[PDB]
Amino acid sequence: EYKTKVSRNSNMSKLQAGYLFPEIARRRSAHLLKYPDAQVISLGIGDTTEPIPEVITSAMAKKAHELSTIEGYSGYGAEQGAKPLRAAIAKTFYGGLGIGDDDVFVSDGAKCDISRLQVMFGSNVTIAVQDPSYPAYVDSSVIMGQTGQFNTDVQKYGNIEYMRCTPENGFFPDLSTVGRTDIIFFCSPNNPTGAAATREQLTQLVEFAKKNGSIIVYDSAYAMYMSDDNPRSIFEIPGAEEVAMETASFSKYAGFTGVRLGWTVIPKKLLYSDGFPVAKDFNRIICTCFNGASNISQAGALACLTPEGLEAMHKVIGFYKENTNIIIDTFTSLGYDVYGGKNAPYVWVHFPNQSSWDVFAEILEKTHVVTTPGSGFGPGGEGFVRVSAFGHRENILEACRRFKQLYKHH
């Protein structure tokens, strides 16, 4: 066979396996081949299941109709997003925190912003991540050339600072033990653990970044699931504007997982070591590497940020939070150490003395319920399984009765 003379990107060669979530989808497919008549329930991939509120879909259909009229048609938008949407996001989520409309960058979702940030930072930065955390932070770091090879002894890529988050430290890094890096990816409420950092912990985080001269990339994708009285934005911490940016999404708020709309906030006072503002480089990336979020998606997001939209999102979130309660009560009743599930739609269940991939396979095999193994989120996730609360109510209730059946003699 003919082959080109182009070398494969050696950073792609570093990746130890495929992306976690497509692999979960594939195991579930293999399970259906083995058990063709199984009624599979997915509590694995964190994918919204309830319809989008009518107030929000109406706005999107209205925008679609407008695009077929002379007066309503619009072509390219500013890559940073429509000014009224940037203004609505700035006021609704960061009002009083010193964020202007021009600090807000509208994206087609937080996953894409993470990779665009990584392009901006480039191959020469070192990163820290929570261990465990959402696998896109690590995988994007490897792809950008920020890492060494994968070490199978410790299940870690070289040159990444994995900050262990455990029951024994309250799922917050012991920062006095964390080495200095350029970037710190920090998700709160955390995926997979569900842990939301307190005001005091986030204060420690900002102070740590300030003394180390690091940039925090704060992922607030689940902030609106907060029940405890903890900050929802890193910008609630005085000083955060000198060291932090924030990335968020409508995915888990309005069910926009397939619609695609998020944003990133980069404050004016965030500067590189030579004094150059980080936001100006991000702006170059988004003007060169992106052509803006869909105009229909932006219209839907604008409708979210109204009294009626906010009420609708609250009801959606509240529904998934009640699912979470059902799951937590189930595992606690079965005698498990169960974590998260208070400030997040994920429950983090401790399966000590077992490998999480084995627990995943056992649950799927015996109950036909898909979960997510903790080790897919890094080596600190080993011994845990993440259970997602996104599902129809009857599906959650049925999943929990299957768990009860399975685990009654444990």
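Counting begins at 1, following the sequence as shown. Whichever C-alpha set is largest while still superposing within 1.5 Å between the two forms counts as the rigid core.
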Requested in this report: Between 29-37 and 340-348, report the one with more C-alpha displacement in 4 other deposited structures of this protein relative to this form after a rigid core superposition.
Outcome: 29-37
Requested in this report: Would you mind working out which of 252-260 and 173-181 sits farther from this form in 4 other deposited structures of this protein by RMS C-alpha distance, with the rigid core as the fit?
Outcome: 252-260
Report task. Pick between 31-39 and 346-354: the one whose mean CA B-factor in the entry is higher. Result -> 31-39
Query raised in the report: Mean C-alpha B factor from the entry: is it higher for 5-13 or for 19-27?
Result: 19-27
Requested in this report: Choose from 298, 333, 126, 233 the residue with the greatest Cα B-factor as stated in the PDB record.
Outcome: 333
Query raised in the report: When you compare the CA B-factors of 328, 302, 205, 143 as listed in the entry, which one comes out on top?
Result: 328
Query raised in the report: If you rank every modelled residue in this chain by C-alpha B factor, which third holds residue 151: lowest, middle or highest?
Result: highest
Requested in this report: Please place residue 167 in the lowest, middle or highest third of its chain by C-alpha B factor as given in the entry.
Outcome: highest
Report summary line: Split the chain's modelled residues into thirds by Cα B-factor; residue 195 lands in the middle
Report task. Using the B-factors in the PDB entry, rank residue 57's C-alpha atom against the chain and give the third, lowest, middle or highest. Result -> lowest
Query - Position of residue 78 among the chain's modelled residues by C-alpha B-factor, lowest, middle or highest third - result: highest
